[PDB]
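Undergrad: I have a structure here, written as structure tokens, and I will follow up with some questions on it.
Quick reminder, even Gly has a Cβ in these numbers, built from the backbone with ideal geometry, and neighbours come from all protein chains shown. What follows is calculated from the coordinates using simple rules that are stated; it is not laboratory data.
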Amino acid sequence: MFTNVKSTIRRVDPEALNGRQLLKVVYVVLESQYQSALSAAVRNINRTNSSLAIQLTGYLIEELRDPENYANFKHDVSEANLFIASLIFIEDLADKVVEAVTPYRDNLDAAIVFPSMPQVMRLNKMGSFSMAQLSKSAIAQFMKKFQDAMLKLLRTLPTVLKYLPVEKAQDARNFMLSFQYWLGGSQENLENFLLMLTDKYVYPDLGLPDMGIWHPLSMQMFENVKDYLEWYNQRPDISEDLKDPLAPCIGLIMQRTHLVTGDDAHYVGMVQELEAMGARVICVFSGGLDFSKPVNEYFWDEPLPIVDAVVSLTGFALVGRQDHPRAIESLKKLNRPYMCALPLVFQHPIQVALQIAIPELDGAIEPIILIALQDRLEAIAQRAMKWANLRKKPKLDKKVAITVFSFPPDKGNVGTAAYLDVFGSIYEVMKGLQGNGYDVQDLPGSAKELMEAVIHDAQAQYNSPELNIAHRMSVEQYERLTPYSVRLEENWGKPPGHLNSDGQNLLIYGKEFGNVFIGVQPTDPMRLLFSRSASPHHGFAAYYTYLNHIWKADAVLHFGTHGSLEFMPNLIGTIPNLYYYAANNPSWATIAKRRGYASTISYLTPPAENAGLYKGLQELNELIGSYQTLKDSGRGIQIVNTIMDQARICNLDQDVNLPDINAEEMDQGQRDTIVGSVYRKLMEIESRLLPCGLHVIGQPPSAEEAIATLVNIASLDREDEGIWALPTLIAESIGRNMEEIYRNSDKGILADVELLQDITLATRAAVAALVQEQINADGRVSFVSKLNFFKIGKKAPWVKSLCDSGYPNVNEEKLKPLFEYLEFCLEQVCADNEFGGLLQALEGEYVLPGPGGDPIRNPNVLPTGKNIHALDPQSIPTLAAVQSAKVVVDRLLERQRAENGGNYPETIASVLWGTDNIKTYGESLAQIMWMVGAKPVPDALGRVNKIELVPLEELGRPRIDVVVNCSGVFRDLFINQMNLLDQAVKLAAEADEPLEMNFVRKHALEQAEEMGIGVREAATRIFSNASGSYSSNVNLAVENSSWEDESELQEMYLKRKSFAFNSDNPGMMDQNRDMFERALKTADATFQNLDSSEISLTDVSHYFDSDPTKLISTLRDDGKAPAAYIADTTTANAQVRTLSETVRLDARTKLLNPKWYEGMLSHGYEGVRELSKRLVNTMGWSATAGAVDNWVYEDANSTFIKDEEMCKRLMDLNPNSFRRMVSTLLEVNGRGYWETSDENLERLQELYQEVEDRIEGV
């Protein structure tokens, strides 16, 4: 009394309730300090707060003995919103308090009991959270047995959050906050305590530092690191291991909002998990959108990073308009692994797609692949820790697993156009690692010797090829270290199964070379299955079990040669998952990043050469050469017959109209045109720029090897760099337009076919002159393009070349910035960063991010060795892409009309890929918008999120109906654009326009009647796979020859690609095969966009897998197969070729091109793999389209089988890939796609039997 101020008042009421809501609070307590603090808080809210007033009644527990006080207590409890109890340790009264409150536990918005006897504690209720949902017994028995007790229970609550759902966790966090306020005991602590409980559990429908450091267990935010670390080390609740500066430290980035809000549950649990694993945590926040500020201020201290890795939990970019250049600058200075987890993960398909894109431009790694927090929190924590372990662990101790897919290469699996010498690359990597201070033992003498170590007798010289066995896993070891193994059993029986098995154990295939391990994963018809839970075989798990738990890899390196786990509907583990992915493949790289926890260092594809002319095609060019001389002679007639006879022998009659009319019977005009047509088709072949070989990682191209790439870079207008194509500038100089020269060349007007070839040669010469000068300056000058040649009365060597080519008066002001750009590109093509990129990932550093794409169309794809990203899926299509889409559509329709009575088609069936739409900023996507006469509409910021019909006035022709077959990859990246596409089709169907100007409405009306639905539901045209599915599986079927008739292929297409996107209900993608078949039934044409010359029709299986050409012929009433087109925008001269034209162009520039196949076979074993790929993909095209001329299979047999020298070379080089070549030819004959001599078939059936023996035994 004399030493502690007690109060006589037990009850506080507002003096005037006014308009305000009344909160009723009852308290039972022992401390007169907590009584008086609570009263003063209630008093202060009443006198100020203008929408809330509080009533407070309580008794010091001793007073509840009186029946006078207890009867009032019960009544007050009955009417009360909030019950509060603290330090209740009396048998008799505790029970009275339980009896009083127990009835109203439903009533009470919340009941908060602080350290008391266990009976009272069980009253605790705050939404979902009670004492039932705890480390329950841990505190329950300690509670039975001060300032300590309050702290013990407070330190527990963060540990509990992970085992709860997010809603039930935040209730637990609200309890924890309310406990922190109480221990505080300040009048403003207890004010906020009441205003918090009132705002979240009583009246939710009422009111309510720029950056710094936060910890759940600190009441105040830290404005500097010293203060924070000072506090961290004074923490008694943590091990000494955390305070040690050598401890792993992990930086978290979050938004202030969530701290201000108190909606921070998942952040608390993230902090708790990392600290539970012995990681020191620095959580930074910002009210702004520039998070580079807290990063630059709080993750440093001459100054050094004090963070081992960073996990962003904001869902945003680092900076911001969003600023990726400054974000990258900040993340590169720091030089640590930058990880990202969207808020959406904790807290629908359009949202995750729009958001996950943005951190990827910052070089984010995604420890969450796309019920309690535990699995997500453990995932981020473990994966963040293993990135730090890479940082800490010394080089000589670090273990690096390198995994290889499909060796020996037999079943296509699902090969990308990787253009990789896999063992060439591993060997270089391994040398790099040894020569850098990693512990590599027994490094082989060459790549061949390395392949030999891993695959015994790969070439079947002395024994059958036999994969090396690095370990034999017993069932005992598998089942113990593979807890999820039991789940696999459904599809593969008990371990070990029939794959990677010796019957007793599971086989891990690979070879240890010290701290580097080369492991191969080469992949049940001996077991009858009944379900749809497609799981990986025991062997496939066993491999990942070995790497993670037995050999204990610190990191794993993959190659993007095949689609493994990322395309299947946490076998990876927690260790860093590194990928060498081709720069030219951002879409698959994106899938790996999102489905595979991939960090994706980019590599360059072999420097492309012009495909050139050979044998018959070269003879034809020589004849055409003489034509101008033999005209001036006067004998310019009999040559045109020789030219036509040779064209016909080259099978170019299928590509140019070659009538059976002797040259005598033509005029000079329509003889020139015959020649001109043939010429531009040979120049199409000659000039096709493509890789003729494989890349070895860390082996870049010579300045000379780069000229052909530099030529095609020089041959595009670039508005965004203020530079024109060299061809453009050459034409302008002779008062011409390249658009006209290209169009007159497509017609075959010889003068312009020659002028095009002349401008090409001048362009090739001028770029070659820049490279030579750069070479024979040999470092002496910075940039030969910046040199001031006018000042010494000289012409630049490329202005000279132009003059010698016959083109003076080329605008030299416009040549200056162009040739400055070309030299900068040459530097990036020739840069050597790929292996450096890997060293940085393994040193636990930040790999520079950059754009995947086409290096020719977007040179920013260079240099390689970066962590490649797609792009913001709201940044496409651009105005340039929309404008460029109209030209291709006008050209497609022009050609469909010309070959069908002058009549527009009513429906075009099109495929949409992510890859080409990344590379072109939405060209093929904008082609489909323009078909129905829609345009994308970008908002002020420049996000394409809206779409509108264009008037028929603007369209110049009827709206064409469309069936849009979106790849699973397109859906995963660009579902936002599928949403726009569906909107546009349905606007079209609804448009008050005549049916003959609007084929979308025409079909929809007819279909609405037939099906008994509205015009809008009937105009369903946008399809893909079911969620988390990919391809029609027609690729698998062709690659495994596991099909009898074409109808099997057609069926699985109709089963798998009939999932309809709906803009009116996007979260639903319901199968709708009825609508699918009805739309396809109306299709007059099929259409795809060529990604690139290196990812063309024969280079991959994905194009034929999605081809509906024959399927349509089945579905139509007339049975009429549709015209099939392939757009090619890869050069400034966009062609819309037929499918058959493109397949021929491929066969002539690749499979049957000696430059191509000699180029590939110069790498040996892996060369043969490239040859069989094209033959197999060519077969697919026979099965889906029958677009393969018989001569392609004849010439293939002629070149590789009938030539006995080549035939022996291939079978010795690579028996597995050769058996595949021999299989394919027999199959295409056996299925009616290839007619050939009985001799030819006997030679094959014998060779098949030969190599069968080499690979299998006899």
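Undergrad: Hey, how many Å between the Cα centroid of the stretch 293-330 and the Cα centroid of the stretch 407-439?
TA: Distance between centres, Cα-based: 34 Å.
Undergrad: Given the pairs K136/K393; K333/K431; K168/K333, which span a C-alpha to C-alpha distance of over 32 angstrom in this model? Present the calculation step by step, with values, prior to reporting the outcome.
TA: Numbers: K136/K393 38 Å; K333/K431 28 Å; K168/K333 40 Å.
Violating the 32 Å Cα-Cα cut-off are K136/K393; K168/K333.
Undergrad: A further question follows. HN-Hα J couplings of the stretch 1148-1153 from phi, Karplus 6.51/-1.76/1.60, θ = phi - 60°, integer Hz, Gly and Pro as x?
TA: Calculated HN-Hα couplings, in order: 6, 9, 10, 2, 9, 8 Hz.
Undergrad: Also, quick follow-up: Compare the peptides 909-920, 1104-1115 by average per-residue count of other Cβ atoms within 10 angstrom and give them in order, highest first. Before the final figure, lay out the partial values.
TA: Values: 909-920: 26.4, 1104-1115: 23.6.
My ranking of the peptides, most packed first, is 909-920, 1104-1115.
Undergrad: For a quick check: with amide H placed at 1.01 Å from N, whose amide H comes under 5 Å from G510's, ignoring anything fewer than 5 positions away on the same chain?
TA: The list, which skips near neighbours in sequence, is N468, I469, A470, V520.
Undergrad: Please give, to one decimal in nm, the separation of the simple spin-label points placed at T102 and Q654, each 7 Å out from Cα toward the Cβ.
TA: 8.9
Undergrad: To the nearest Å, what is the center-to-center distance of the stretch 978-1037 and the stretch 87-117, using C-alpha atoms only?
TA: The two parts, judged by their Cα centres, are 63 Å apart.
Undergrad: Within the stretch 529-557, list the residues whose amide N lies under 11 Å from a label point set 7 Å along Cα→Cβ of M568.
TA: 534-545
Undergrad: Pop a pseudo-label 7 angstrom from the Cα along the beta-carbon direction at both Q351 and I775 and give the gap in nm to one decimal.
TA: 5.8
Undergrad: I've got another one for you. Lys/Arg Cβ at +1, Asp/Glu Cβ at -1, dipole of the chain taken about the Cα centre: which of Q1088, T198, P859 is farthest positive-ward?
TA: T198
Undergrad: Modelling each spin label as a point 7 Å along the Cα-to-Cβ direction, I'd like the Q234/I550 distance in nm, to one decimal.
TA: 5.2
Undergrad: Using 28 Å as the Cα-Cα cut-off, could you pick out the over-long pairs in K747/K814; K24/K162; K162/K395; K332/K395; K816/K1150?
TA: On the way: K747/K814 30 Å; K24/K162 33 Å; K162/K395 35 Å; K332/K395 21 Å; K816/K1150 36 Å.
Over 28 Å apart, Cα to Cα: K747/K814; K24/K162; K162/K395; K816/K1150.
Undergrad: Search the structure for amide H atoms under 5 Å from the amide H of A582, placed 1.01 Å from N in the peptide plane, and list their residues when 5 or more places away or on another chain.
TA: Those qualifying (amide H under 5 Å, at least 5 residues apart or on another chain) are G560, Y603.
Undergrad: Net charge near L161, counting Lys/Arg +1 and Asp/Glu -1 over other residues with Cβ under 15 Å of its Cβ? Can you show the working numbers first?
TA: On the way: positive: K136, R155, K162, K168, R173, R376; negative: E167, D171, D263, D264, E273, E275, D375, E378.
Net local charge, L161 excluded: -2.
Undergrad: Report D for the chain in µm² per second (integer): Stokes-Einstein, Kirkwood Rh on Cα pairs, 4 °C, 1.567 mPa s. Mind showing how you got there, number by number?
TA: On the way: Rh = 34.8 Å.
After rounding, the answer is 37 µm²/s.
Undergrad: Please compute the length gained on full extension between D1253 and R1116, using 0.36 nm multiplied by the number of residues separating them and subtracting their Cα-Cα distance. List each step's numbers first, then the result.
TA: On the way: separation 137, 0.36 × 137 = 49.32 nm, distance 4.67 nm.
Roughly 44.7 nm would be gained on extension.
Undergrad: Once phi is turned into ³J(HN,Hα) by the Karplus curve 6.51 cos²θ - 1.76 cosθ + 1.60 with θ = phi - 60°, what whole-Hz value does each residue of the stretch 6-14 show in order, with x for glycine and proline?
TA: 9, 10, 7, 7, 10, 10, 10, 10, x
Undergrad: Order of 536-542, 442-448, 268-274 by packing, highest average Cβ count within 10 Å first?
TA: Values: 536-542: 24.3, 442-448: 14.3, 268-274: 26.0.
Ranked by mean Cβ neighbours within 10 Å, highest first: 268-274, 536-542, 442-448.
Undergrad: When the helix-only estimate is applied to the chain (DSSP H runs of n ≥ 4, each -39,500 (n - 2.57), divided by the residue count), what is the mean residue ellipticity at 222 nm, nearest 500 deg cm²/dmol?
TA: Values: 50 runs with 576 residues, N = 1258.
When only DSSP H runs of four or more count, the value is -14000 deg cm²/dmol.
Undergrad: Return the FRET efficiency for the residue pair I661, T629: r is the Cβ-Cβ distance, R0 is 25 Å, and the value is rounded to the nearest 0.05.
TA: Working: r = 24 Å, r/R0 = 0.96.
With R0 = 25 Å, the Cβ-Cβ based efficiency is 0.55.
Undergrad: While we're on this one: Going 7 Å from the Cα of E820 toward and past its Cβ, which residues in the stretch 692-714 have a backbone nitrogen under 11 Å from where you end up?
TA: none
Undergrad: Right, next: Using θ = phi - 60° and the Karplus relation 6.51 cos²θ - 1.76 cosθ + 1.60, list the HN-Hα couplings for the stretch 506-520 in order, rounded to whole Hz, with x at every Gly or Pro.
TA: 8, 9, 8, 8, x, 8, 6, 10, x, 8, 9, 10, 8, x, 10
Undergrad: Sequence-distant or interchain residues sharing an amide H contact under 5 Å with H695, placed H: which?
TA: Under 5 Å from the amide H of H695: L420, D421.
Undergrad: Would you work out the Kirkwood radius for the stretch 201-351? I mean one over the mean of 1/r across all pairs of different Cα atoms, in Å. Walk me through the numbers on the way to the answer.
TA: On the way: mean 1/r = 0.0611 Å⁻¹.
It is 16.4 Å.
Undergrad: Shape verdict for the stretch 395-603, please, from the Cα gyration tensor: rounded (a/c under 1.5), prolate (a/b greater than b/c) or oblate. Please report the intermediate quantities before stating the final value.
TA: Working: a/c = 1.44, a/b = 1.27, b/c = 1.14.
The shape class here is rounded.
Undergrad: If you take every residue apart from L981 with its C-beta less than 12 Å away from the C-beta of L981, what net charge results, scoring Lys and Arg +1 and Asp and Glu -1? Intermediate results must be reported in sequence, preceding the final value.
TA: On the way: positive: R971, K986, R1021; negative: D982.
The answer is +2.
Undergrad: Right, another one. Can you give me the convex hull volume of the Cα atoms of the stretch 616-690, divided per residue and expressed in Å³? Write out the running numbers ahead of the final one.
TA: On the way: hull volume 6.3 nm³, N = 75.
Hull volume normalised by residue count: 85 Å³.
Undergrad: Given the pairs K511/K593; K919/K1208; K96/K200, which are separated by over 32 angstrom at their Cα positions?
TA: On the way: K511/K593 27 Å; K919/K1208 41 Å; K96/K200 29 Å.
Those over the limit are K919/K1208.
Undergrad: Turning to a different aspect of this structure: Suppose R0 equals 35 Å. What FRET efficiency, 1/(1 + (r/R0)^6) with r the Cβ-Cβ distance, do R943 and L206 give to the nearest 0.05? Please report the intermediate quantities before stating the final value.
TA: Values: r = 35 Å, r/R0 = 1.00.
It comes out at approximately 0.50.
Undergrad: For the stretch 1114-1130, list residues with backbone N below 20 Å from a point placed 7 Å from the Cα of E739 toward its Cβ?
TA: Correct set: 1128-1130.
Undergrad: Just how far, in whole angstrom, is the stretch 610-689 from the stretch 695-773 if you go by their alpha carbon centroids?
TA: Centre-to-centre (Cα) distance: 24 Å.
Undergrad: When DSSP assigns beta bridges and you keep just the ones with both residues in the chain, what percent turn out antiparallel, to the nearest 5? Working shown, then result.
TA: Details: 40 of 112 bridges.
Taking every DSSP beta bridge within the chain, about 35 percent pair in antiparallel fashion.
Undergrad: Take the Cα atoms of the stretch 707-830, build their convex hull, and give its volume per residue in Å³. Don't jump to the answer; show the numbers that get you there.
TA: Working: hull volume 13.4 nm³, N = 124.
Hull volume over Cα atoms, normalised by residue count, gives 108 Å³.
Undergrad: Right, another one. So if we plug the beta-carbon distance of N224 and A247 into 1/(1 + (r/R0)^6) with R0 = 30 Å, what FRET efficiency do we get, rounded to 0.05? Provide the component values of the computation, followed by the final result.
TA: Working: r = 20 Å, r/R0 = 0.67.
Once the sixth-power term is evaluated, E becomes 0.90.
Undergrad: If we sort 868-881, 488-501 on the protection proxy, mean other Cβ atoms within 10 Å, highest first, what's the order? Mind showing how you got there, number by number?
TA: Working: 868-881: 21.6, 488-501: 18.4.
Per-residue Cβ counts within 10 Å, averaged per peptide and sorted highest first, yield 868-881, 488-501.
Undergrad: May I pose another question? Quick one: net charge around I213, please, counting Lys, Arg +1 and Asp, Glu -1 for every other residue with C-beta under 9 Å from its C-beta. Walk me through the intermediate numbers first.
TA: Working: positive: none; negative: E223, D227.
For residues surrounding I213, the net value is -2.
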